[PDB]
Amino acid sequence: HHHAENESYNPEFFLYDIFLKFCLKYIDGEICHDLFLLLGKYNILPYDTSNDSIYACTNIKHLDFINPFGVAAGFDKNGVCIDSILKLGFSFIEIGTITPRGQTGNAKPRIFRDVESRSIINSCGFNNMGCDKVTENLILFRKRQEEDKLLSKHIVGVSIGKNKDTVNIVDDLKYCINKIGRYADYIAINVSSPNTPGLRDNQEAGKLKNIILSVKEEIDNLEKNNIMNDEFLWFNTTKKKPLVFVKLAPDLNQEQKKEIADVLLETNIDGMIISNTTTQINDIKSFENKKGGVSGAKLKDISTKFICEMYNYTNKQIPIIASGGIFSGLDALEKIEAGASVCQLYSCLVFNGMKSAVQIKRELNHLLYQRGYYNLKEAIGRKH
C-alpha cells in the first residue's frame, strides 16, 4: 500500500493500514478512538493534498460542499478534532451530538467492532462535554478558519439532543441553539439515537412537528435579536443562519415514515439525515450479547431503501443527507441515485482509516466517468 503509486503525511502512506489492522485486532475500540483524537489534537494526522473535482461538488440549499463526503455525528462529539478530520479530505463534519450539560454517557464497555462484517454496535449514550464547552471548541475552530484560507469553504454542522434526565426535549434543543447556533452552518436535530430512553418517541408526527417549529423559531429569534450587534451574527462558513436538518432512525414502519414526511413538507425542514443506527440486526454472532445501535455494512441496504422511501414520500422536495454503510464509491453512488445529495461516513473511517476520504473520492469520480454523468448533481435521484 505504497502511496507513491497513486511521505508520512500522505493518508495512503503504507504504515497506516498496518497500524490499523493491528489496532482492530488487539486494541479496545474506545482506546483506538482516543488515540485518533490525540493525533488530531496535535495536528499530526496525515492530510489530503488534492484539489477536489469540481464535477463532484454538491449543495443543499446555499451549503456548497466542495466534495460529497463528510464525517457523521458521534465521531468528534466535542469538536476537538475538526481541522484534522476535515484535512483528511472531507468537505464537512457534524460535531456532537451535544447536550446542554455534559454527560459521561452509559457505562463501559459500550462500543464493539466486528471487522469481518465491517459493523459496529454502540450504546454510548451522548457522551459529551456539554454545549457550553463544545461551543468554546467550535469558536476556536472558527477563529482558525478565519485565518486559514484552506478551510474557508469547509462546513461544520452541529447535532443537538437532550440530556438523559431532561423531561421536555425542546428546552434542551433551544438551549443549544441559543449558545452554539451562531457558529453552526446547520443544526441536526437528533430524535433517533437508540441509547437515550424515550428519545425516538419524538419521531411521532405531532411531537416532531412541534420540535421542528420550535427549533426554527429559536433560530429565527437568535437572528431578530442580534443582527444589529456590532459583531457579525453568523460566525460560520455560510455567513447565514443555520439550516435545520432532522436525523431519523431506520426502525420505523411505513405509516410512521409517511406521517413524518408530511410533517417535513409542512414545516419546511431543510434536509433529512437518513439514517441513524438500527436495532433490528440479529445475525452478527459477536454482537449477540450486546446492547445498542448497529452501524456499518449491515446497515447499507436498510438505509438505502429508507432513502428511496422518504425521497418519494416527500415528493423529492426535501434534500437528503445519506448515512449508513457507505464504504466505496459504488456505495456512495447508490445513495445519491437513491435520492441523497451528500454522504456521511463513520464506519468507513473506522475500518479504512486515514485513506478513507482520498480513496472513496477517487472511486466516485471514476464511477461518474464510467457511468457517463457530467457531474454528481445529475445523478441525484436518478434511480427514480
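Basically, rigid core = biggest C-alpha set you can superpose within 1.5 Å across the two forms. Note that residue numbering begins at 1 and tracks the sequence as displayed.
In terms of root mean square C-alpha deviation after superposing on the rigid core in 8 other deposited structures of this protein, the stretch standing farther out between 142-150 and 100-108 is 142-150.
Across the superposed structures in 8 other deposited structures of this protein, aligned by the core, the stretch whose Cα atoms lie more distant on average is 199-207, chosen from 199-207 and 181-189. In terms of unmodelled positions of the deposited sequence, the stretch from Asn6 to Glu7 in this entry skips 4 to 9 residues. Higher mean CA temperature factor, per the PDB entry, when comparing 255-263 with 229-237: 229-237. For the segment pair 51-59 and 342-350, the entry gives 51-59 the higher mean B-factor, averaged over Cα atoms. When the C-alpha B factors of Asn268, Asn195, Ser214, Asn178 are read from the deposited coordinates, the top value falls at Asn195. Among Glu94, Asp171, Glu218, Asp114, the highest C-alpha B-factor in the deposited entry belongs to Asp114. Among the modelled residues of its chain, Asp301 has a C-alpha B-factor that falls in the middle third, as given in the PDB entry.
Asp165 sits in the middle third of its chain by CA B factor, as recorded in the PDB entry.
Among all modelled residues in this chain, the alpha-carbon of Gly70 has a temperature factor (C-alpha) in the lowest third.
Annotation for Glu223: C-alpha temperature factor in the highest third relative to the rest of the modelled chain, per the entry. The entry lists a Cα temperature factor for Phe126 that places it in the middle third of the chain's modelled residues.
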